[PDB]
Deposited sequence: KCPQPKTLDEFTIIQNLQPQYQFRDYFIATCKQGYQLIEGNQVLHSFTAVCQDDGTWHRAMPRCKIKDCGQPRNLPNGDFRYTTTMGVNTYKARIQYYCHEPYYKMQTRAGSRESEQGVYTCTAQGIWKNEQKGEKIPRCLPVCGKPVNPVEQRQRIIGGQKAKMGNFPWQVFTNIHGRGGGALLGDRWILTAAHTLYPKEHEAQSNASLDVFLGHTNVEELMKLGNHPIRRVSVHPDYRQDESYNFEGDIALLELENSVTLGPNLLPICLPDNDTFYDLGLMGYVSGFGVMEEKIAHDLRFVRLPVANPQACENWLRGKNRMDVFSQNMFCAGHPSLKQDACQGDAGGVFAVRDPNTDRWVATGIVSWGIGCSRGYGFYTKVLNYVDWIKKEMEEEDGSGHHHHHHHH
């Protein structure tokens, strides 16, 4: 005979409590949901005790302490808050994930509010109703700059760009001074002739309006460089397919000084008369607004002077009566137009071939026809 096994706490379950235990006989001890065997400070997967000759069990009764899911996983570009008792990771504890708005945005599924609610389940892992152990995903917003340019334009115009007006503008110094825009937190959109000129150390800078500061803000190395196959480096007259993407070695942490730019979705952004900003450098970032011109009035002006390659994948912007220079934009930079409905900034064009860098119209690369190619290289 040996004593009736009594539990130390309350969460312990004695499987099949036999009225008395003789020699050779045994019992086992399990826990309830969300509880585990301990014995001191260890963690047991199972407990058994035999009735060892005299009235003793060969190992003392364990205790079922509460399971601890541990410190929740860090949400990239996001964070979380405890909805239950703060700092408690034990069973029946819940947390609320959230992304660093307005820079990143948690992906939805249609489904909200309860989207970033993870709880400490009985298996010791943070799960959810919809979706199991996988954590949410903070996605960057394309347009929506923190400090958008003023829409009330004045005759007393200030052509100096401030911090946040163009958070997507980047600076490249490959074969010469250049630039482009940001797509997401990893991809750079620019023109192909800044990579393969018609006549390489890459060097990509971004995140500020001062040229001296952009270089102080560190370099951004590149992995793959996808140039559109329609671009011919040797043909020093045709910039067909003047578009390319640049994948950064590491993703960037977005902020008010650094945000992506949206891609065009419908062709209404190319209607005649739409106004678009182009930003560029010299020693500081300047911006000018230019109207998209008649695609036919630009060809008559073009052929009327001397033959170029105005195609449907291209469009022209500017006006002759303007006193600015035709080379007022910056090479590889994007033709930034804002949708007055959704108040987002789309990159409808890319600074490509500007004939006669003195005065007249300016030609760009129509991004809309190349969006499907851009989404292909990025998703890979």
item: Gaps in the model, given as deposited-sequence positions counted from residue 1; value: 111 to 112, 202 to 207, 291 to 297, 322, 397 to 409
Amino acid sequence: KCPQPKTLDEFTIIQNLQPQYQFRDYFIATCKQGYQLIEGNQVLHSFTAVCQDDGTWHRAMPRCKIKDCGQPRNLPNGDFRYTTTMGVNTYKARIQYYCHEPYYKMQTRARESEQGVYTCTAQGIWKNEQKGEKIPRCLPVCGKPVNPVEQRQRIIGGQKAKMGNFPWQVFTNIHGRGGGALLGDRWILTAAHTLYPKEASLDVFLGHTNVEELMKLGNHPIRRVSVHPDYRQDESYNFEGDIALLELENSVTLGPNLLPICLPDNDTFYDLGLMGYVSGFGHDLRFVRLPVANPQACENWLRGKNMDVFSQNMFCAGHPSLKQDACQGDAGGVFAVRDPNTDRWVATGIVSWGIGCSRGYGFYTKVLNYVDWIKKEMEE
From here on, numbers count along this sequence of modelled residues.
| property | result |
| --- | --- |
| Comparing 137 to 145 with 80 to 88, the one whose average Cα B-factor in the PDB entry is higher | 80 to 88 |
| Which of 229 to 237 and 189 to 197 has higher mean CA B factor, as the PDB entry lists it | 229 to 237 |
| Top Cα B factor in the deposited entry, candidates 318, 62, 34, 70 | 318 |
| Residue with maximal Cα B-factor (values as given in the PDB entry) among 262, 292, 106, 110 | 110 |
| For residue 47, the third of its chain into which the C-alpha B factor falls | middle |
| Modelled-residue ranking by C-alpha temperature factor, third containing residue 159 | middle |
| Third of chain Cα B-factors occupied by residue 247 | lowest |
| CA B-factor placement of residue 27, once the chain's modelled residues are sorted into thirds | middle |
| B-factor third for the C-alpha atom of residue 345 within its chain | lowest |
